[PDB]
Each structure stands twice: as C-alpha cells, then as structure tokens.
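A short worksheet on the structure shown next.
Coordinate-derived values only; no laboratory data. Cβ atoms come from the backbone with ideal geometry, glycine included; neighbour counts cover every protein chain shown.
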Amino acid sequence: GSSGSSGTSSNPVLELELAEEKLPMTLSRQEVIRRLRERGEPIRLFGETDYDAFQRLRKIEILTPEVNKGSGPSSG
C-alpha cells in the first residue's frame, strides 16, 4: 500500500474529479466556490472557513462529480 513519498504541492493539471482527494488544498476558495456555486451550494455557511468550505466541496466533487447517481466509496 504505497503511492509516493516526497512531496510536490502544485497544480495537478491531470485528471478531473475522481476518487482522489489526497494532497493538500488543491482547490482554492474560488475553485471550491465555482463548483459549489454551479451546485447551488453556499459559498459560505453560517460559520465556515476556507477549509470547511473547501473540504465540503472537495467531498461534494466526490459524491456528485458531474450528474452521476451513485454513492461514493468509503475512502480509497
């Protein structure tokens, strides 16, 4: 059970929505707002932060990546 052990932290510019939420904040507030927006989600809840909002969406992208019924798996 391995993948990589070094670190990069930079634009992935590879793949679009999937079962890969690893790595740190990949989608910035805006990057999270964009989707959330098109999703009709609140860009900012009643006591949320970049992370909360980020994670929230970061999870939404998993559940509903692009109109595709189905329940995401329990972690990769």
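Every test in (1) under 11 Å from the mean Cα position of the chain (by Cα); (2) hydrophobic (A, V, I, L, M, F, W, C); (3) assigned to a loop (DSSP other than H, G, I, E, B) is passed by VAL67 save one, and that test is (1).
Table: residues versus (1) touching a residue at least 24 places away in the same chain (Cβ under 8 Å); (2) touching a helix residue (DSSP H, G or I) at 6+ places or on another chain (Cβ under 6 Å); (3) surrounded by fewer than 11 Cβ atoms within 10 Å (Cβ to Cβ).
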position: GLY1; (1), (2), (3): no, no, yes
position: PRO24; (1), (2), (3): no, no, yes
position: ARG34; (1), (2), (3): no, no, no
position: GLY40; (1), (2), (3): no, no, yes
position: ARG44; (1), (2), (3): no, no, no
position: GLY47; (1), (2), (3): no, no, yes
position: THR64; (1), (2), (3): yes, no, no
position: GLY72; (1), (2), (3): yes, yes, no
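All of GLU31, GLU48 fail the test of being of a type outside the set (A, V, I, L, M, F, W, C) and under 13 Å from the mean Cα position of the chain (by Cα), apart from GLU31. Is it the case that segment 52-60 has a residue that's touching a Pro at 6+ places or on another chain (Cβ under 9 Å), among the small types (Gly, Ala, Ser), touching a residue at least 12 places away in the same chain (Cβ under 8 Å) and in a loop (DSSP other than H, G, I, E, B)? Scanning segment 52-60 turns up no residue that is touching a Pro at 6+ places or on another chain (Cβ under 9 Å), among the small types (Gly, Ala, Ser), touching a residue at least 12 places away in the same chain (Cβ under 8 Å) and in a loop (DSSP other than H, G, I, E, B). Would you check if there is a residue in segment 42-49 being part of a helix (DSSP H, G or I), among the basic types (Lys, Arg) and more than 17 Å from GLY76 (Cα to Cα)? Looking for residues that are part of a helix (DSSP H, G or I), among the basic types (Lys, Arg) and more than 17 Å from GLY76 (Cα to Cα), one finds none in segment 42-49, hence no. Of note, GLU38 satisfies the criterion of being more than 18 Å from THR26 (Cα to Cα) and in a helix (DSSP H, G or I).
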